[PDB]
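Protein chains in written order, with UniProt numbering: chain A, 196 to 388; chain B, 270 to 276, 278 to 345; chain C, 343 to 392; chain D, 212 to 370; chain E, 38 to 63; chain F, 153 to 222, 228 to 242, 268 to 332, 338 to 432, 453 to 456.
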């Protein structure tokens, strides 16, 4: 709900005093790539002529923006380390920036290896220049979470990726979901009503 | 051609759950290969004598033919 | 910055204002566009001078 | 017409200000036939980008257009066949060919990059459509432009 | 918040891991 | 005026003269002035407005009258386009449509009258029945009868060739409907020798046969070729299975 609402708003509120701009379009262009879907309205972010001219004066979030779709990721992790220094400001803070760097990170890796049926160690090392163990421990933590489909196939040091689709996504989603829902009712539907 | 067609199709009494044989038809037909595999079941499959698909990478003829045929006193 | 529309207010009327604001809305509606720009006011008040 | 041009320059027509291309523009009785050449040519030049180009050739079949057996009708008829037949083979049967001499015209060469990459998209689709896991030399060599466009396919399929 | 985060164990984040990453490479 | 020689200079009595040349002409005259209007509307071929304009009052002479034989619409379709609306049957064979044409190829079938001409009943029993073909050995097998004997005009005539090449397509798209209607994966080589082509132009005819959306080909460069299968498991199989599911006197 945050990006689109922001995205399709323009913002003006009694001389934008709660908007406190030099903040708003930035907040959009680093709230977008969490949930605004990378093909769909990310073009509406980029080729949308309402925001691109006011991030023109804001080159840091600009080079944070066109360093995803242009795959220049040796500057994108640099650009995201900037955001983890201006995470300090906003009072909506702590699991928002830890989760935020988590999902910028995971969306960045999942964007790369999805186009390939096999990902080599040298080309994944080419993403920044981090080498091996950053990708190894980190991606093993991500598949420990199971939120990408890759696996650290060190037998050849080439990462494999097919895609089991989101038919199973639902099942896994709804076990927990269902449980929680019933539990709430289980919290109520006893004598205490 | 015709007694090859019926009688080399009829000898397809393989209840073997789902009939799938080609290896028998290799030896049951005194004939060169895939000409014996396809063309017999090409014309057996155009008219209603044998219904079912064929894989020939697998060399696998699946059949679900109907042909109400035999008196079959002991059947 | 609504001043330029009020720039030619000269004898206007209460209505003469609700009319041009609805006509500016329709002149934004004609191009299937969901945001009333600046110039739809200008062709609204530049239309209604009749 | 000029409303159509500047309301056509960047993105802001095809669904939006295509109406500018023929509203008062079909109020040209025949006094200016040459302006009728110009954005009759543009209206055919832009119904192909929204990618239901049946109104292009279906617009030539209308009563206003078999009065109008002109040169550029065969030009955007040729690009109309390029949009139906979905091939850069009909771009080299355009650009260099049957009606090549509408390459030199002002607001159009800017669109030829978008139209060029666009027909590269759906032409590359048509090459891929039956296949399952064929190699680059069929996608590349079955249109005969380069190999790198196939890996530029990598930079344009994604998702 | 109220969607369960990890926030557990991990040493200083992508700023410092970025820093010793590019410094450890170079 | 026609013996001087003009194409669009006798068009002054072509572009006007609305329906039945006057407004229904009030007698025996049926097509005579639309007809002499119409074969002279052709006048080189002029490629559009002699068959597009003809269809408006094409729909007028439809009663089977007594009057005589006032071929023009034999001439009309012979520049472009498909044509469903001995010459009948051989004309019918070379059209590319499947199922209504399978109606159209034998809605005219089986005539005590079509009991005769048996060597062009071979196009019926051979072509209509889903059985194998050959590119030209049935053609050179019939080259003493299908060529001359007693469309495909040419001794040197233009476009009689390519329509005969269209008949080569009737070898191609017929048995791809057979292996498509019958088989799973075959081989690249075995399909490449069933149709006596190489790999490449068989794959080009195949790509032509899939881009127009006639079959469902999982064609492959390697051996996992044209498979007719749904490897996503829809429940069409489930549904199909459900569908399948004196002496006393």
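By construction, the Cβ of each residue, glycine as well, lies at the ideal position given by its N, Cα and C atoms.
Exercise. Should residue 46 of chain E be flagged as near chain A, meaning a C-beta pair shorter than 8 Å?
Worked result: no
Exercise. Within 8 Å (strictly less), CB to CB, does residue 326 of chain B reach chain F?
Worked result: yes
Problem set entry | Nearest residue (CA-CA) to residue 327 of chain D, options D:279, D:248, D:293 and D:250 | D:293
Exercise. Quick one, which of C:392, C:383, C:388 and C:389 has its alpha-carbon nearest residue 344 of chain C's?
Worked result: C:383
Exercise. By the 10 Å Cβ neighbour count, where 16 or more other Cβ atoms means buried, how is residue 369 of chain F classified, buried or exposed?
Worked result: buried
Exercise. For a contact meaning CB atoms closer than 9 Å, what does residue 234 of chain A contact in chain D?
Worked result: 369 and 370
Exercise. Within 8 Å (strictly less), CB to CB, does residue 310 of chain A reach chain D?
Worked result: yes
Exercise. Taking the Cβ atom as the reference point for each residue, do residue 334 of chain D and residue 350 of chain D lie within a distance shorter than 8 Å?
Worked result: no
Problem set entry | Among C:372, C:349 and C:388, nearest to residue 231 of chain D - alpha-carbon criterion | C:372
Exercise. DSSP on residue 369 of chain D, reduced to helix/strand/coil?
Worked result: coil
Exercise. Cα-Cα, which of A:353, A:236, A:372 and A:388 is closest to residue 315 of chain A?
Worked result: A:353
Problem set entry | Range of the contiguous beta strand (DSSP E) that encloses residue 354 of chain A | 353-355
For this session: Please list the residues of the region 301-314 of chain B that have a C-beta atom closer than 9 Å to any C-beta atom in chain F, keeping them in chain order.
Result: 304, 308, 309, 311, 312 and 313
Exercise. Grouping DSSP H, G and I as helix and E and B as strand, with all else coil, what is residue 383 of chain A?
Worked result: helix
Exercise. So what's residue 395 of chain F in DSSP terms, helix, strand or just coil?
Worked result: helix
For this session: Report the partner residues of residue 405 of chain F according to the DSSP bridge assignment.
Result: F:414
Exercise. Any idea what DSSP makes of residue 315 of chain D, helix, strand or coil?
Worked result: coil
For this session: Would you tell me roughly how many angstroms separate the C-alpha atoms of residue 230 of chain F and residue 192 of chain F, rounded to the nearest one?
Result: 13 Å
For this session: Anything in the region 350-384 of chain F with a Cβ closer than 7 Å to a Cβ of chain B? List those residues in chain order, please.
Result: 369, 370, 371, 372, 373, 374 and 377
Exercise. Tell me the DSSP bridge mates of residue 315 of chain A?
Worked result: A:353
Exercise. Going by the CB atoms, is the gap between residue 316 of chain B and residue 306 of chain B shorter than 8 Å?
Worked result: no
Exercise. Do residue 175 of chain D and residue 283 of chain D have their C-beta atoms closer together than 8 Å?
Worked result: Since the first and last residues shown for chain D are 212 and 370, residue 175 of chain D lies out of range.
For this session: Report, in whole angstroms, the separation of the C-beta atoms of residue 275 of chain A and residue 51 of chain E, which I expect to be a contact under 8 Å.
Result: 6 Å
For this session: Could you check the C-alpha separation between residue 254 of chain A and residue 287 of chain D for me, to the nearest Å?
Result: 42 Å
Problem set entry | chain C contact residues for residue 227 of chain D, given Cβ-Cβ distances below 8 Å | 373, 374 and 375
Exercise. Rounded to a whole number of angstroms, what is the C-alpha to C-alpha distance between residue 62 of chain E and residue 326 of chain A?
Worked result: 7 Å
For this session: Show which residues of chain F have a CB atom less than 9 Å away from the CB atom of residue 299 of chain B.
Result: None at all; the shortest Cβ gap to chain F is about 18 Å.
Exercise. Which residues in chain B sit within 7 Å of residue 177 of chain F, going by Cβ to Cβ distance?
Worked result: Here the premise fails: no neighbours, minimum Cβ distance about 55 Å.
Exercise. Ordered along the chain, which non-local residues of its own chain (more than five positions away) have a Cβ less than 6 Å from that of residue 240 of chain A?
Worked result: 227
Exercise. At which residues does the alpha helix (DSSP H) containing residue 211 of chain F begin and terminate?
Worked result: Run containing residue 211 of chain F: none; DSSP gives neither H nor E here.
For this session: State buried or exposed for residue 336 of chain D, treating a residue as buried only when at least 16 other CB atoms are found within 10 Å of its CB.
Result: exposed
Exercise. List, in order along the chain, the chain F residues whose C-beta lies closer than 9 Å to that of residue 344 of chain D?
Worked result: 407, 408, 409 and 411
For this session: Would you list, in sequence order, the uninterrupted alpha helix (DSSP H) runs of no fewer than 4 residues that lie entirely inside the region 282-311 of chain D?
Result: 282-295 and 300-303
Exercise. Residue 55 of chain E: which of A:268, A:197, A:258 and A:210 sits nearest, CA to CA?
Worked result: A:268
Exercise. If you draw a straight line from the alpha carbon of residue 283 of chain F to that of residue 270 of chain F, how long is it in whole angstroms?
Worked result: 13 Å
Exercise. Thinking just about the alpha-carbon of each residue, which of F:361, F:195, F:419 and F:410 is nearest to the one in residue 155 of chain F?
Worked result: F:195
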